[PDB]
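Beneath this line is the structure, given in structure tokens, with notes to follow.
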Amino acid sequence: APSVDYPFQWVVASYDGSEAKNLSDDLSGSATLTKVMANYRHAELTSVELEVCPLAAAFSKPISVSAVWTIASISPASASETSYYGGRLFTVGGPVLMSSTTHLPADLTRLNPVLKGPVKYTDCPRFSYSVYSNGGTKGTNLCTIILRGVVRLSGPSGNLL
Amino acid sequence: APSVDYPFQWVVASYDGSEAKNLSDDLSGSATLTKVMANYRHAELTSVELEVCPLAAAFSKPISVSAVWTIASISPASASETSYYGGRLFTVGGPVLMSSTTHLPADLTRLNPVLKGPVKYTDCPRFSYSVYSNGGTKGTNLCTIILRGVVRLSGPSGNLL
Amino acid sequence: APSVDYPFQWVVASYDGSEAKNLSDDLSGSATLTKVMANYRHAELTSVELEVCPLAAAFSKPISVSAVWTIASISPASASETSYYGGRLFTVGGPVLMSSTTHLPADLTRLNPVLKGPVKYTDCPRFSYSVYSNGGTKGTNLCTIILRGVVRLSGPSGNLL
Amino acid sequence: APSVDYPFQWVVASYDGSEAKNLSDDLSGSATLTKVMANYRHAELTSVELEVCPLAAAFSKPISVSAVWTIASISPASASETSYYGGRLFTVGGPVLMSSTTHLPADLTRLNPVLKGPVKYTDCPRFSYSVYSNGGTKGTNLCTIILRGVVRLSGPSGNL
Amino acid sequence: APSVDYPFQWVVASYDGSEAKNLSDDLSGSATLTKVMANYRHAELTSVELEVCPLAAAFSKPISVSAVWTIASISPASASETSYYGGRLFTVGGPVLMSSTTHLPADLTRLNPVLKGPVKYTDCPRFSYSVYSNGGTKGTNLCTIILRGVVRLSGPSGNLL
Amino acid sequence: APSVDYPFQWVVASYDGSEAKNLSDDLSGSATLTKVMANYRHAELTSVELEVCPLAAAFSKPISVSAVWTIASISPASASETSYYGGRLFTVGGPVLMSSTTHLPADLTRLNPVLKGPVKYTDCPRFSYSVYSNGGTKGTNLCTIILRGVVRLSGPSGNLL
């Protein structure tokens, strides 16, 4: 079946260290990807990764974020991402807002790349992260969580234009 | 180059014989197709056509629409579609409320099917039509215009969504 | 056709964090490259990348710059570069003005390398970046945006010597 | 595709050495040639040249005209046609009042013959000339610049 | 080594018989060719020639120019080009305002075509000419000198622009 | 001809940010390499690079140095190294005096490796750097510029022992 590799990117959420914020999301049910896959019947993840970009305000005040790419069935709790395989702890800020170590790629060999199809899969990739309570300012938004990846979309459906 | 044959269909508008209404539109600049194919680098028509579907109110009051599929460079004036080659004059209504004779398909062998690509072609299809007033009630909506076709889309772009 | 690989480099612009500055530029229409390609009829990008070099004054005050290499048709808005695929957010400064992570290479597989030819292409690479409002000093110019790349130039024209 | 070879010829302009006059024109945008090819989708040159024909009044007063054929991207400045490759400095007048050496043909193998088509080209032929004043008395018209050639027109369009 | 045959043409100057004017120039040090080929590592002439084009004012007042294409080492003095082998003495004007006999081509088999390269050759072509005064009006510009030719340029350098 | 690969290293110069200092040097004419190549007739650069080692005093005060490896013919001016291809801007200091990004290797494919031979080449590598006016102390010497490389030396001459 003919298909196109569709690259996507969006800032998942901007965060400040005012309080701990936990977000766990399944890529099959994400609102901003379902609009991309609404026009196609089949979608398979070629690649995807979670990026934590530091912002300039984080230079003097780092933020620690614990992130993990788990299976759709498993939903890790808040501040428990490092207890699962592949769970990493990213400290953004300090004097070096340069390192690319803040990338967390999804191991699509251990996950089901199919985000859409004839059936709803229970093994789709699900990204869960938790931002810890830092000093906080309530307005700086000195951290950013971003998703980028590629989805192979096939079988366009007769949806709205 | 991998590509998908995207079938599109949408109602251009609904018209009644309250006043004469002219609408000319280049398919490369149509808002609906633009929002469909702004996420892809290349788009090429495989088929496209205009259709004038009669409604129930047209049963007792037929309405006449003059339509033409001209080149991108040529922009027909209002109520002058019959003065261009291929310009048909459909009349929808009466006891015959269903007929395939009101379909006007574009000659993609004569026109240029490419609506998007590396270069800006000047031969894209452009559909022009004029609906003549026959005594509508400003809300009766005697007829409706539907544009349906298929676009082969290749090379998805890293767009906003 | 005989051709020469022409390496080019110029500081695109020096910036201080006094206010947010957004620059989007198409390499086909850039003034400082058109002088290089004025003497040749065909120009094709072998490679090109956008570099954000920190300056010493940025050591105590970092700057965040959001940059993206998009298609010529797409013109991302200010502070929206991270919402497009390949859009990166570079934080220059801090205690480490060393990392080479500030390079943003153009994906010439997803872009048209031809910056000049018989026709004007609508899919040339276009670099769009936005410098955010930092503390600012109005005179330090504590960040630099630089373009370097290689253009294969062929078919010299009878222009001015 | 069916096509017809349209031979065109028109006097670009008559000049006298009253003052220096510069004219640069792209054949895609030439109004006379554009209205010639206004009813066809495609138009491609087969030959074109710029002729500088002396007049009788130029017998005692030659005119110097510097002319060049370039691509549409390159637009020569006034009185600078000899600084571009192929620019030639013609002189019309004197005892020799008729010569084929005053005709400058366009190298359509180097330029792009297509003046009209699906895509607007940036390397279409453009002719730029400059006429240098010698002291003409505002009415002599010692020389005439004439452009003639053949354009093949294909794919008529119903622009009625 | 990839290279391009760059055709160059420019007017050296315009002369009138107001006073005798001498100009000797080595092609490796000519300002116009230097600004052309300062962006390339290697440059080699394929052809080059001097030409004395008569103007309209020369019709009633011919002017004489003595020209020579000597070696880089030899620098002819003023009004002494006829004393060197190959030194021609052209006279432009009169009823014959057009003639190819006033072209002086360089003998690149005798001279050294290389104007730029790894080593500094001492055999580069050098053109010398002297225009004799015949009674010009300080603004009439009886004749003009044009240098035209082709340079094969290889190995572009990372220059300023 | 028999030859030996001779590795060389010397601190080119130690600098403090008291004032801007510009040094451009050709490796064929450098005093400290000519003593190595004085005993041999032919010398060809296998490799060479310019290293900017930060010193401990630079930890609290970084220095920005703009360096470039150009051709022998091209002599870049002060503070204009980033305008040439391969021109880099090195910021030494901060909290991370570790990164090896301060190395600037010479692209010997684009340069003539021969530093000595029967003829004097005009395309030898030439390194030009400029140290900008930092805060300055006049005695710390909180930056170091060092050259290391390898020269293949062949054909020993009857010089002094």
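We did not get these values from a lab; they are worked out from the coordinates using the rules stated. Please note: Cβ atoms are built from the backbone with ideal geometry, for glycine as well, and neighbour counts cover all protein chains shown.
Here's the yes/no breakdown for (1) buried (at least 17 other Cβ atoms within 10 Å of the Cβ); (2) of a type in the set (S, T, N, Q):
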| residue | (1), (2) |
| --- | --- |
| D:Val52 | yes, no |
| D:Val65 | yes, no |
| D:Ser73 | yes, yes |
| D:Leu104 | yes, no |
| D:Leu108 | yes, no |
| D:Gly136 | yes, no |
| D:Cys143 | yes, no |
| D:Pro156 | no, no |
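For the range D:42-73, give me each residue that is farther than 16 Å from D:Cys124 by Cβ, more than 13 Å from chain E (Cβ to nearest Cβ) and part of a strand (DSSP E or B).
D:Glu51, D:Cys53
Among (1) surrounded by fewer than 17 Cβ atoms within 10 Å (Cβ to Cβ); (2) within 21 Å of B:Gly149 (Cα to Cα); (3) touching a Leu at 6+ places or on another chain (Cβ under 7 Å), where does B:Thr82 come up short?
(2)
For the range A:91-115, give me each residue that is within 14 Å of another protein chain (Cβ to nearest Cβ) and touching a residue at least 24 places away in the same chain (Cβ under 8 Å). Walk me through it before giving the result.
First, pick out the residues of the range A:91-115 that are within 14 Å of another protein chain (Cβ to nearest Cβ): A:91-103.
Passing the criteria: A:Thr91, A:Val92, A:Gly93, A:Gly94, A:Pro95, A:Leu97, A:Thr102, A:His103.
In the range D:22-36, what count of residues is obtained for those that are among the hydroxyl-bearing types (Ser, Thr, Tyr) and farther than 17 Å from D:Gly117 by Cα?
So in the range D:22-36, the residues among the hydroxyl-bearing types (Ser, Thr, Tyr) come out as D:24, D:28, D:30, D:32, D:34.
When the remaining residues are screened for being farther than 17 Å from D:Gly117 by Cα, the result is D:24, D:32.
So the answer is 2.
Tally the residues that are under 16 Å from the mean Cα position of the chain (by Cα) and surrounded by 17 or more Cβ atoms within 10 Å (Cβ to Cβ), restricting the search to the range E:33-43.
Number of matching residues: 2.
For C:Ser78, are the conditions met, namely being under 29 Å from C:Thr140 (Cα atoms), in a strand (DSSP E or B) and away from chain F (no Cβ under 14 Å)?
It is false that C:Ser78 is under 29 Å from C:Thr140 (Cα atoms), in a strand (DSSP E or B) and away from chain F (no Cβ under 14 Å).
When you go through B:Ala38, B:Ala58 one by one, which is the residue that is touching a strand residue (DSSP E or B) at 6+ places or on another chain (Cβ under 9 Å) and closer than 21 Å to B:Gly155 by Cβ?
None of the others qualify; the one that does is B:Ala38.
Is there any pair linking a residue in the range D:122-146 that is on the phi > 0 side of the Ramachandran plot to one that is part of a loop (DSSP other than H, G, I, E, B), with Cβ under 8 Å and at least six apart or on different chains, and which?
So the pair list comes out as D:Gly135/D:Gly17; D:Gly135/D:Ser18; D:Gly135/D:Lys61; D:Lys138/D:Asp16; D:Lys138/D:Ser18; D:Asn141/D:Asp16; D:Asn141/D:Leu55.
Can you find a residue in the range C:6-29 that is within 8 Å of another protein chain (Cβ to nearest Cβ) and of a type in the set (D, E, K, R)?
So far as the range C:6-29 goes, no, none of its residues is within 8 Å of another protein chain (Cβ to nearest Cβ) and of a type in the set (D, E, K, R).
Given the criteria among the hydroxyl-bearing types (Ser, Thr, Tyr) and in contact (Cβ under 8 Å) with a residue 12 or more places away in the chain, does D:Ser14 qualify?
Here the answer is yes, as D:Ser14 does meet what is asked.
Looking only at the range D:81-115, which residues are hydroxyl-bearing (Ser, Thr, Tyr) and in a loop (DSSP other than H, G, I, E, B)? Show your work before the answer.
Of all residues in the range D:81-115, those hydroxyl-bearing (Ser, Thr, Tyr) come to D:82-85, D:91, D:99-102, D:109.
Within the range D:81-115, D:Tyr84, D:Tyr85, D:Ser99, D:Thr109 meet the criteria.
Taking the condition of being touching a helix residue (DSSP H, G or I) at 6+ places or on another chain (Cβ under 7 Å), within 14 Å of chain B (Cβ to nearest Cβ) and outside any strand (DSSP E or B), how many residues in the range A:126-161 meet it?
1
Among the residues in the range B:147-161, are any over 30 Å from A:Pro7 (Cβ atoms) and within 14 Å of the chain's Cα centre (by Cα)? Outline the logic, then answer.
Our first condition is that a residue be over 30 Å from A:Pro7 (Cβ atoms); within the range B:147-161, this holds for none.
No, the range B:147-161 has no match at all.
In the range B:10-41, how many residues are of a type in the set (S, T, N, Q) and closer than 19 Å to B:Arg126 by Cβ?
Total satisfying the criteria: 6.
Which of the residues that make up the range C:1-41 are of a type in the set (S, T, N, Q) and part of a strand (DSSP E or B)?
Of the range C:1-41, the ones of a type in the set (S, T, N, Q) are C:3, C:9, C:14, C:18, C:22, C:24, C:28, C:30, C:32, C:34, C:39.
Result: C:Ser3, C:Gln9, C:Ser14, C:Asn22, C:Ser24.
Taking the condition touching a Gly at 6+ places or on another chain (Cβ under 8 Å) and under 28 Å from C:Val52 (Cα atoms), does F:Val48 pass?
In short, yes.
Confirm whether D:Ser83 is more than 9 Å from every other protein chain (Cβ to nearest Cβ) and either of a type in the set (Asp, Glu) or closer than 15 Å to D:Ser128 by Cβ (or both). Break it down into steps so the answer makes sense when it comes.
Working: more than 9 Å from every other protein chain (Cβ to nearest Cβ): no; either of a type in the set (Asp, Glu) or closer than 15 Å to D:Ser128 by Cβ (or both): yes.
Judged against the criteria, D:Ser83 is not a match.
Can you name every residue in the range A:112-123 that is crowded, with 20+ Cβ neighbours inside 10 Å and either within 13 Å of A:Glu51 (Cα to Cα) or in contact with a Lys or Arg (Cβ under 9 Å, 6 or more places away or on another chain) (or both)?
Selection gives A:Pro113, A:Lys116.
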